[PDB]
Amino acid sequence: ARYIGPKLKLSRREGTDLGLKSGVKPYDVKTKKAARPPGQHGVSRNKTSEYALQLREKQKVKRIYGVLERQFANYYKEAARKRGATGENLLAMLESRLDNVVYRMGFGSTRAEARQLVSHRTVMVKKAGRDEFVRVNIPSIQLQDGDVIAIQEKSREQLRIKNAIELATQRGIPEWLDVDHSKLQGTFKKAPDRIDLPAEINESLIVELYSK
Amino acid sequence: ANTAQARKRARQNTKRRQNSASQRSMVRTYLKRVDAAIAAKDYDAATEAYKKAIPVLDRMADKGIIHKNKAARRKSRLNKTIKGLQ
Amino acid sequence: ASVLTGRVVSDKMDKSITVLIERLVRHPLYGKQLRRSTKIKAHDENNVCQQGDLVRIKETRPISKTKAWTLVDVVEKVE
Amino acid sequence: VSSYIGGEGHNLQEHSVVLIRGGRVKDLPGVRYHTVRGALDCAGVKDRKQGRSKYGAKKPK
Amino acid sequence: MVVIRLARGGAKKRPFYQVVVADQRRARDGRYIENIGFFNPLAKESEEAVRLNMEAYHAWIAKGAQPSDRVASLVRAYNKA
RNA sequence: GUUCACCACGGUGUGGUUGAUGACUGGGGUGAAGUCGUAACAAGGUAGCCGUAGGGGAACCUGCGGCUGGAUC
RNA sequence: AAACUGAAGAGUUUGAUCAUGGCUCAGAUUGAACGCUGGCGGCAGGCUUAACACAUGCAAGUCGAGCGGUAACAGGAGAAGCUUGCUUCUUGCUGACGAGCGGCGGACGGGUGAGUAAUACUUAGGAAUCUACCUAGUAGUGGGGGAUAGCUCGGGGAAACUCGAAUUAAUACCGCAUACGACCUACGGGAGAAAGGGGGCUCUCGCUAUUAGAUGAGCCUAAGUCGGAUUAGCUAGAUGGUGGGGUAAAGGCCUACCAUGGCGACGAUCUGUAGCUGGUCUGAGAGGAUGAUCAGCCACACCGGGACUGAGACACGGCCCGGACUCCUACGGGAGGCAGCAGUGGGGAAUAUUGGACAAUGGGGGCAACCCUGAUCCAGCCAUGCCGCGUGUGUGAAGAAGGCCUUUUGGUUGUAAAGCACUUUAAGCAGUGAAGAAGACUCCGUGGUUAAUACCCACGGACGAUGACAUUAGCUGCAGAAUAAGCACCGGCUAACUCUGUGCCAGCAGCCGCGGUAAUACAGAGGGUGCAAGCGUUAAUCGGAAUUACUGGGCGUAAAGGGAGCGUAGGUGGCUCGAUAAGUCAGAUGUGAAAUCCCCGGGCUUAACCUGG
């Protein structure tokens with residue numbers, strides 16, 4: 001499954017911007033909220049707890065990447081099984097997801113549209129070494145070093161990708177991705193680093209939530 | 001028996017078993033001769049009965065009525081006990 | 001083959017001795033070793049050794065209902 | 001054994017075939033089981049709306 | 001007798017056979033004497049589809065093992081390359 | 001075939017172990033606008049408690065020995 | 001290079017405190033059930049209870065190239081009633097083939113866990129054995145006889161079947177003759193086999209005796225292996241020996257005699273429970289719990305007992321006897337055993353189709369052709385689990401209406417909706433379309449064989465006979481947001497709060513507790529929180545619990561030092577010089593099945609899954 005309902009109340013509950021809307025206009029005027037979380041009460045008494053902080057951070061990351069609890073707990077399990085920092089590996093996996101990669105490469109205005117673009121078999125992927133693209137419809141496909149992403153020839157002239165590109169131009173393009181707009185192609189040259197990802201997501205909170 | 005072959009194996013078993021039981025009984029009587037001769041403590045009679053028990057013992061052992069090991073064991077042991085009779 | 005060494009605790013059978021084979025066994029949980037002994041009946045064809053001697057036995061084929069070890073070396077006698 | 005009929009209202013009577021699960025009632029001595037509502041012959045709660053699956057109440061349409 | 005045959009593994013509709021030396025009377029996937037290779041029916045052109053220890057295969061042949069018609073042709077098409 | 005030997009079923013007698021029930025009876029617990037007292041906690045109004053014996057509707061009391069986990073001294 | 005990474009606490013005893021200590025909770029897991037809800041796919045799993053009883057179909061056949069043959073079948077040759085193109089009768093002549101004699105198989109594969117606390121299992125070894133088919137050898141396969149099933153003749157029986165006379169074949173059976181090995185030997189000598197069939201004198205399939213392998217099986221030893229002492233003594237073929245028997249083989253396995261032994265607090269005996277293991281779950285680990293699916297071992301086959309045949313059985317779909325139960329009967333007698341696959345009744349909270357094919361991997365038979373295979377490969381049903389995907393995506397404010405709250409005018413539902421602009425994954429419709437197949441047969445060539453250019457064997461080419469799944473996987477089009485969201489919770493632990501109704505009632509509750517007329521705890525509504533095709537509850541295991549503490553706790557007063565001592569077994573134990581190397585440490589070697597776990601890779605669009613090291 002995936003979240004379908006209104007997106008701005010997610011950011012309102014998180015207290016920050018989750019990039020759930022295209023950057024066509026500032027987040028402040030897009031909602032005139034985010035000073036208070038959704039619902040009747042919002043700003044409340046009886047201050048939050050350590051568990052509340054940990055849960056809110058985990059839900060922040062989950063809602064950023066559109067990933068549900070079972071998938072995200074498998075992500076954490078693999079991240080803790082892999083050599084290195086657990087939170088760093090979890091962020092690396094969530095950023096190596098195919099829908100997030102096409103979002104960051106700019107073919108979708110938002111991550112949900114990028115996911116719906118991948119799922120509808122409009123995005124082709126060429127694994128490093130393989131001399132052939134394949135049409136994939138699995139948004140949670142991880143990309144290795146050197147994987148190439150392309151747009152299906154049937155849908156290269158899309159009136160939504162043609163502004164997702166110009167919006168990505170105004171938002172900023174990561175260095176670990178190489179995008180050719182003329183041929184509508186991208187390359188995942190390397191997994192992103194913790195110094196490249198924003199230093200406002202506290203992954204220590206997630207790692208301490210996932211330890212009972 | 002539930003199948004034709006099971007029934008055939010059953011009647012075949014009966015015939016084979018009668019045929020082999022007759023020869024098993026023959027082996028047993030040629031050995032009882034030598035045992036009676038030994039129990040009488042008569043070297044001459046023991047040897048004379050042993051000389052007829054030999055080519056029945058090791059002939060039905062070749063037929064399969066007894067094992068070659070059983071025939072060899074009875075041959076050796078009866079010869080030992082007979083030679084023990086002076 | 002396999003050779004064990006132990007004292008003769010019984011000899012009152014004909015061509016037969018019981019041998020006390022000591023062994024150290026480590027407790028699986030508490031780690032300490034406990035002295036454990038098994039009585040092994042051995043074959044004493046010539047009825048040589050008496051009770052209290054330290055002898056060596058070796059494994060062989062069964063000789064009796066409970067005898068499958070045979071005396072191979074009397075190393076020390078009682079005092 | 002003695003079992004508790006939870007919810008407001010029930011149709012149980014003598015010779016009623018019921019399903020019984022674990023779980024003791026704190027303030028009832030000697031009652032260590034609960035009757036499953038909506039299982040075999042114990043009807044669900046009539047106008048239940050919130051926790052309907054805990055009382056065997058079908059989804060109102 | 002002793003046979004050299006294939007024990008099926010893999011999954012549904014995606015077989016992967018193991019070349020095993022086994023007593024003939026045992027179950028196809030049951031107890032065996034020695035595992036001396038494998039076979040991928042479905043495989044890619046850049047991947048090992050057949051591996052089989054020739055020294056142990058020859059040892060078991062001289063020893064008495066009888067290959068099946070599948071492993072025999074597998075060796076037939078694996079030694080000609 | 002007969003007969004003997006071995007032996008399964010089955011039978012007989014006498015016990016053992018154990019489950020469920022049993023008139024009645026013992027203590028244990030739970031339950032409230034009960035009855036009788038007031039034994040313990042303060043020196044609890046005779047310091048208490050322990051072992052033991054006797055006695056008593058009942059908490060208990062009394063003797064002997066012990067302890068302080070006893071006020072006051 | 002790597003396998004080397006792992007550890008949280010909270011509530012509740014008090015007016016309050018610290019400690020002790022129990023109870024409860026947050027986690028993970030499941031062959032799960034139930035309640036509400038439910039779109040799809042991949043891969044797994046699916047009677048845990050009655051080893052209850054079983055209707056019905058199938059689960060073990062095959063060989064005519066061992067044999068007599070001809071019941072059916074299909075041809076072929078002639079008799080041709082010819083009825084002129086109707087058409088029949090003789091013939092095993094041929095393909096073949098029912099029943100029958102014969103061989104091989106049926107001891108495998110499949111099921112179950114009742115029994116079993118040790119004729120079990122695990123680990124490590126041993127010697128006194130047998131072993132069909134297979135591999136490599138060795139010596140042979142000579143010559144006769146008497147039968148007999150089917151087929152006849154005559155009965156008996158309701159059936160199941162049966163009785164007698166006559167009688168033919170064989171690779172059925174039995175003498176005789178030889179015997180490299182093999183067996184017995186007193187070592188001088190004695191005795192012991194077989195069978196033929198097939199293709200053009202040869203080769204081949206066989207048969208006999210045997211050797212060495214391999215495989216399998218049997219036997220033995222040591223160690224490990226649940227609870228109870230409110231079970232302490234137990235054993236008389238018992239423990240050992242000799243002669244004899246018995247076995248394929250050691251052995252009280254059996255027997256006669258001789259001796260008085262054997263086992264036991266290091267737990268015998270008696271009892272309760274239980275298949276054991278690799279593993280599985282939990283745990284930081286140590287431990288604790290457990291032994292479904294997959295694999296190894298064991299035991300069992302309606303109940304008890306006995307054996308036969310055979311290389312192998314004391315035989316799941318074999319025999320005999322006895323028993324209980326069900327059935328048939330003409331009342332005299334007979335038949336049967338789903339713990340094989342489906343399936344029925346029943347029990348249960350609860351567990352599936354009376355499906356397809358031997359195409360693939362295997363297994364049985366056959367020279368092959370081919371036949372059999374409920375193993376297996378597939379398909380069906382089920383959210384039972386794991387994994388994946390979807391139920392749209394952007395933009396959209398005087399922030400519409402309606403619901404809810406409110407200080408009555410604002411907030412909130414909320415960019416949420418509507419309106420616009422798009423997209424079509426999965427589902428549907430239409431196409432195309434791999435791989436699973438190993439290339440049978442036939443033809444040619446080469447080499448071996450041979451008297452041979454035959455036959456046969458092997459090798460090398462050409463050829464395309466072979467797919468249950470299957471309307472395959474995948475791929476490409478069409479259509480249109482259309483076909484797709486529920487469940488639990490919201491006092492605290494524990495993320496999320498207000499109205500209305502109720503008034504210690506109705507009810508809730510894991511714990512603490514809540515409910516008395518202004519309940520954030522009941523019930524309903526808004527709003528929210530967490531999960532999501534699932535979500536809760538119950539059951540169950542470990543965890544948290546350092547709450548049996550080995551790692552890793554305590555005993556003055558919280559529970560806890562025996563009234564005190566002497567002492568048996570046991571545990572522990574001074575200094576110095578030597579020996580030994582059992583413990584200990586290190587190294588080598590063999591083993592510790594595979595699967596699983598972990599690490600590095602590889603293949604499914606990803607993942608689950610599969611897989612190499």
Side-chain angles (χ1 to χ4, degrees), chain A residues 1 4-6 8-9 22 38-41 51-52 55 68-69 109-110 112-113 116 119-121 134-138 140-142 159-160 211-212, chain B residues 1-3 5-6 9-10 13 16-17 19 54-55 58-59 61-62 67-69 71-72 75-76 79, chain C residues 1-2 12-16 24 29-31 33-34 36-37 59 61-62 64-66 68, chain D residues 8 19 21-23 26 29 36 38-39 49-54 56-59, chain E residues 1-2 5-6 8-17 23-25 27-28 30-31 35 41-44 47-48 62-64 66 68-70 73:
Chain A
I4 308 301
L8 270 274
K9 75 201 275 164
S22 35
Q40 278 195 357
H41 313 99
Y51 175 67
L55 192 51
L68 292 195
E69 186 54 38
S109 34
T110 172
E113 184 170 329
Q116 201 255 22
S119 189
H120 277 194
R121 303 174 49 76
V134 299
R135 297 179 64 179
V136 297
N137 68 334
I138 298 315
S140 58
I141 288 174
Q142 315 264 345
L159 285 137
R160 60 187 192 174
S211 71
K212 281 175 175 229
Chain B
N2 289 281
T3 44
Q5 188 45 225
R9 274 277 187 187
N13 192 323
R16 279 171 148 282
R17 172 200 182 159
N19 303 11
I54 286 305
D58 69 341
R59 171 168 110 240
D62 191 350
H67 212 264
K68 312 252 192 192
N69 302 48
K75 268 147 50 172
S76 84
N79 188 295
Chain C
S2 21
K12 283 169 321 302
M13 323 159 249
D14 189 60
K15 311 176 197 184
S16 275
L24 276 190
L29 185 74
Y30 303 116
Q33 287 174 160
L34 328 170
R36 290 310 187 235
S37 56
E59 191 209 347
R61 78 201 235 261
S64 91
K65 200 219 177 85
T66 66
Chain D
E8 286 178 302
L19 205 69
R21 74 168 158 96
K26 171 72 172 67
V36 187
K49 288 290 184 287
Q50 298 292 114
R52 282 180 293 99
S53 74
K54 289 213 186 131
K58 252 78 166 164
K59 175 119 180 304
Chain E
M1 72 189 146
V2 192
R5 42 144 180 249
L6 312 166
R8 198 198 215 261
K12 203 152 81 33
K13 316 221 148 270
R14 269 180 106 62
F16 183 101
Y17 299 98
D23 183 275
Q24 185 146 59
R25 286 159 322 190
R28 188 205 57 206
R31 204 259 299 274
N35 175 77
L42 65 101
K44 267 67 201 197
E47 190 178 3
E48 187 177 39
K63 214 169 287 187
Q66 231 74 36
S68 45
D69 296 317
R70 204 37 198 279
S73 66

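Computed from heavy atoms alone, side chains included, the values below leave out hydrogens, waters and symmetry copies. Numbers restart at 1 for each chain; the letters A, B, ... are given by sequence-line order, proteins then strands.
- Atom CD in E/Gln66 sits about 8 Å away from atom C1' in G/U135, given to the nearest Å.
- When heavy atoms are screened at a 4.0 angstrom cut-off, C/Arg36 is found touching base atoms of the nucleic acid.
- Sequence order on RNA chain G of the closest nucleotides to C/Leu34 and B/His67 puts B/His67 first from the 5' end.
- Across all non-hydrogen atoms, the minimal contact from E/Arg5 to E/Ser68 is CA-OG, 3.5 Å.
- A/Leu159 comes within 4.0 angstrom of nothing in the nucleic acid, heavy atoms only.
- Residue side chain B/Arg9 reaches the base of G/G105 through a donor-acceptor N/O pair under 3.5 Å, judged by distance alone.
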task: Under 3.5 Å for both distances, Watson-Crick or G-U wobble, that's the pair rule; now give the dot-bracket for RNA chain F, with | marking pairs to another strand and [ ] for crossing ones.
output: ..............................................(((((((((....))))))))).....
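- For C/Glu59 against G/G125, a side-chain-to-base donor-acceptor contact under 3.5 Å is present.
- Using a 4.0 Å heavy-atom distance criterion, B/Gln5 is classed as a base contact.
- For A/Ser211 against G/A8, a side-chain N or O and a base N or O form a donor-acceptor pair under 3.5 Å.
- Residue-to-nucleotide contacts include a donor-acceptor pair under 3.5 Å from the side chain of C/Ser37 to the base of G/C266.
- The separation of G/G224 from G/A3, taken at their P atoms, amounts to 36 Å, rounded to a whole angstrom.
- Evaluation of the side-chain contact (heavy atoms from CB on, under 4.5 Å) rule for B/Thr3 yields B/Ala6 as partners, not counting sequence neighbours.
- Here A/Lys212 lies in heavy-atom contact (under 4.0 Å) with a base.
- Of all heavy-atom pairs spanning E/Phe16 and E/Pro41, the tightest one is CA-CD, 4.2 Å.
- Here E/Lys13 lies in heavy-atom contact (under 4.0 Å) with a base.
- Nucleic acid contact class of D/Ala57 (heavy atoms, under 4.0 Å, all strands): sugar-phosphate only.
- Among residues two or more places apart in sequence or in another chain, the side chain to side chain donor-acceptor pair (under 3.5 Å) test is passed with C/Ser37 by none.
- For the pair D/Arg52 and G/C36, the criterion of a side-chain N or O lying under 4.0 Å from OP1 or OP2 is not met.
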Please write out the pairs of protein N or O atoms and N or O atoms of nucleotides 136-147 of chain G separated by less than 3.5 Å, giving the distance to one decimal.
none

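- Under 3.5 Å, the side chain of B/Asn79 and the base of G/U185 form no donor-acceptor pair of N or O atoms.
- With sequence neighbours excluded, no residue forms a side chain to side chain donor-acceptor pair (under 3.5 Å) with A/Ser140.
- G/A107 takes the syn form, because its glycosidic angle lies no more than 90° either side of 0.
- A donor-acceptor contact under 3.5 Å is not formed by the side chain of B/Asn19 with the base of G/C173.
- Taking each heavy atom of A/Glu113 and A/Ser109 in turn, the nearest pair found is OE1-OG, 2.5 Å.
- When rounded to the nearest whole Å, the span between NZ of D/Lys58 and P of G/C535 equals 21 Å.
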Check nucleotides 175-177 of chain G against the protein and report each pair of N or O atoms closer than 3.5 Å, with its distance, or say if there are none.
residue	atom	partner	partner atom	Å
G/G175	OP1	B/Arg59	NE	2.5
G/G175	OP1	B/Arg59	NH2	3.2
G/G175	OP2	B/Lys63	NZ	3.3

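- Taking syn as a glycosidic angle within 90° of 0, G/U351 qualifies as syn.
- As judged by a 4.0 angstrom heavy-atom cut-off over every strand, E/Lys12 is placed among residues touching the sugar-phosphate backbone only.
- A sub-4.0 Å separation between OP1 or OP2 of G/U423 and a side-chain N or O of A/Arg121 is absent.
- Spacing between atom CG of E/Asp69 and atom P of G/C358 amounts to 20 Å, rounded to whole angstrom units.
- Sugar pucker at G/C47: south, on the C2'-endo side, as the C1'-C2'-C3'-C4' dihedral is below zero.
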